[PDB]
Structure formats: C-alpha cells, structure tokens
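1. Generate a structure from the sequence data that follows.
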Amino acid sequence: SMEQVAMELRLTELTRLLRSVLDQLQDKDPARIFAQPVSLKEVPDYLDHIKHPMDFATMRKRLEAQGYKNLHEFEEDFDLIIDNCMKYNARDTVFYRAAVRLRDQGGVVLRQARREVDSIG
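-> Numbering: from 1, shown residues only. The structure is reproduced below:
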C-alpha cells in the first residue's frame, strides 16, 4: 500500500536522525569504553551481575536493521549502557567516571533530538 511505504519512509528518516545522534553520543566516549560488548571471555561472571548488556556496536546493528521504532526505544538502550556500567563498576573507577561523563554530555544531544523528532514528526 501507499500508506506502508509512507510509514517506511518515516522509519528511514528516523533511522537517519538516530544515526547522527548515535555518532554524536559515541564522540562523547573518546576512550571507546562503551564501543563493544563487555567480553564474557574476560569478565566471565558478567551476566550474573548485568541482565541486559548493551554497547554502541550492538545499538548500531539494531539501528541499521531499522530496529528502533521511536526515540524512546533508542534512549532505553543508551541508558542501559550507562546504568549497567554504574552498577558493575565502583565509583572510584575510570569506567564509572566515563559513564557519568557520557550521561552528562549525551543529555544535551538527546534533549535536542527529542525536539527534532517531535518537530519533524
């Protein structure tokens, strides 16, 4: 149908905007602490601690399959990256501190993304 196509065009455009958001959030992690999944070879107990692991590469695979229907779903995954890190790692660690900085800096990017998603529809 023509409606399914229009819906698909909106999804594609949401995907375009989320790709730009993702790039901007990932620039706030220049150490690449959150680039890849936590290694279960190197942290074998990780899933005893963290039930839903997340990282930027995993989000990127979902993004490119157009698997985010809305900004809320994308933000859920970003928040997992931060929140998982802040639980597994103690406050005095470079990991926890990187999560805090990513959260604070990403806040700005996400604030305007929400305005753009609402605005363009």
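2. helix, strand or coil for the spatially most central residue of the chain?
-> Nearest residue to the geometric centre of the chain (C-alpha atoms, centre = their mean): residue 78, 3.1 Å. On the three-state scheme (DSSP: H, G, I helix; E, B strand; the rest coil), residue 78 is labelled helix.
3. Which strand or helix spans residue 81?
-> Assigned by DSSP states H and E, residue 81 belongs to helix 71-88.
4. Moving along the chain from that helix, name the first helix or strand you hit.
-> Downstream of helix 71-88 (by DSSP H and E), the next one is helix 94-120.
5. Please identify the buried residues of that following helix?
-> Neighbour counts over helix 94-120 (16 or more other C-beta atoms under 10 Å) mark 96, 98-99, 102-103, 106, 109-110, 113, 117 as buried. Where you see a C-beta, it was placed from the backbone N, CA and C, and this is true even at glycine.
6. same thing with stretch 8-19?
-> 14-15, 18.
7. Which of those residues fall in helices?
-> 14-15, 18 (DSSP state H).
8. now these in CSV, with distance to residue 33?
-> Converted to CSV, these look like this (distance: C-beta to C-beta, whole Å):
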residue, distance to residue 33
14, 27
15, 25
18, 21
